[PDB]
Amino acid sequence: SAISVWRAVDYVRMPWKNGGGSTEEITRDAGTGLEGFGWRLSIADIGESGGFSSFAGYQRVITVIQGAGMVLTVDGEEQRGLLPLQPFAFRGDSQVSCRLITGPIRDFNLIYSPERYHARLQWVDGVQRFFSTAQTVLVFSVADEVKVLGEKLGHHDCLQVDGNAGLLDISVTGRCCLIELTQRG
């Protein structure tokens, strides 16, 4: 139905309050409410070790997309290593800090409200084909050319399908992340 292509050359980089990194917003839900937000997609540049903000009540899934990896500590559990393209889910409630090992990292970030949205996320490669009733489908490229729905996405470009109301049949070729989001009733 309604296809949008977010080109990474258009993303606006915004320094974090604290000076330790910056965020490029890709896209997000269209709600307005003072009552919290529904879902947001972004790229975070992490330039220093330190603590992350918390987002109480939200679910997060983050993935290293540039640089060699970093280590997270979540709620003082044992340290966890994040390698490139390995997705990692955690609660926004959690207290989280990051230790850079090889220097700065860029992360692909999904955050959503589980009260408000159903969600799916999967990193894929090669030739893929799926059918989905999801209202919003997102395709985020980590390759020079990901082909999807007649568009060609370069590195960190993102295709978005919105307002779907039947069963979508989507083929994708290349290395990318597939996200699907649907408002809960």
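One-based numbering along the sequence shown.
Regarding 128-136 and 54-62, which shows the higher C-alpha temperature factor on average in the entry? It is 54-62.
Going by the average Cα B-factor in the PDB entry, point out whether 28-36 or 137-145 comes out higher. Higher of the two, by average CA B-factor, is 28-36.
Taking the values straight from the PDB record, which of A89, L110, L83, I101 has the highest C-alpha temperature factor? Going by the entry's C-alpha B-factors, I101 comes out highest.
Among all modelled residues of this chain, ranked by Cα B factor, put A165 in the bottom, middle or top third, i.e. lowest, middle or highest. CA B-factor rank for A165: highest third.
Please say which third, lowest, middle or highest, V172 falls into when its CA temperature factor is compared across its chain. As the PDB entry reports it, the C-alpha B-factor of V172 lands in the middle third of its chain.
In terms of the CA temperature factor given in the entry, to which third of its chain does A44 belong: lowest, middle or highest? Middle third, going by the recorded CA B-factors of the chain.
Where does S1 sit by CA temperature factor within its chain: lowest, middle or highest third? As the PDB entry reports it, the C-alpha B-factor of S1 lands in the highest third of its chain.
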